[PDB]
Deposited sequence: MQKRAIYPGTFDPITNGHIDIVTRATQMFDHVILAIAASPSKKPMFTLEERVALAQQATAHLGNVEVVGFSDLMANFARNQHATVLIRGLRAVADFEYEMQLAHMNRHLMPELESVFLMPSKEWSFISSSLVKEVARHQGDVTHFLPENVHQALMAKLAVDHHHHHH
């Protein structure tokens, strides 16, 4: 089988945790669409797409695309049959169950798969990283270099 998978999120900004997950996905499926949600917001959609493209340029079977529809609607149109979700902690799990049962109702031919990040990134999030950086904390370790540079520029002005 030549599986097409979608890895959706806001990626605001994309972190080393996201890179970890999408890297694992590319080792599992023939084509991975890194789908950036237009809504919800430190970086614009065009900023978030460019940062994610640069940070995944080394992965040959990743396609970075923006989308504004319901995720399932975009997945259906893209002929994806696998929905990548990253699993960090118990707290996300309940919402992930809700979301996956809803997504299965909306598009039963799209199978949710949950990947586990490395221990290194199992306790971070885009939200926590932004909050720390906005309040003068060091987040260099959690971001690709291009994202780190864009984040510093964003927080300076």
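- Sequence ranges 41-43, 161-167 have no coordinates in this entry (deposited sequence, numbered from 1, C-alpha basis).
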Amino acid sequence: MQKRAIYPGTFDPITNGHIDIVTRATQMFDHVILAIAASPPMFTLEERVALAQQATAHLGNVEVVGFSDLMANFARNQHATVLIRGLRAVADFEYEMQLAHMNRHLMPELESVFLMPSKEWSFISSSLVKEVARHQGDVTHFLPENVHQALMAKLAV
From here on, numbers count along this sequence of modelled residues.
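Here the rigid core means the biggest group of C-alpha atoms that line up within 1.5 Å when the two forms are laid on top of each other.
- Stretch 90-98 is the one, of 90-98 and 43-51, whose CA positions lie farther from the shown form in 8 other deposited structures of this protein once all structures are superposed by the rigid core.
- Choosing between 127-135 and 22-30, the greater Cα displacement from the shown form in 8 other deposited structures of this protein, fitted by the core, goes with 127-135.
- Higher mean CA temperature factor, per the PDB entry, when comparing 118-126 with 85-93: 85-93.
- As the entry records it, the average C-alpha temperature factor is higher for 51-59, out of 29-37 and 51-59.
- The entry assigns its greatest Cα B factor, within the set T140, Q149, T10, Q136, to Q149.
- The PDB entry assigns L99 a C-alpha temperature factor belonging to the middle third of its chain's modelled residues.
- For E131, the recorded CA temperature factor ranks within the middle third of the chain's modelled residues.
- In the deposited entry, the Cα temperature factor of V113 places it in the lowest third of its chain's modelled residues.
- Ranked against the other modelled residues of its chain, the C-alpha B-factor of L70 as given in the entry falls in the middle third.
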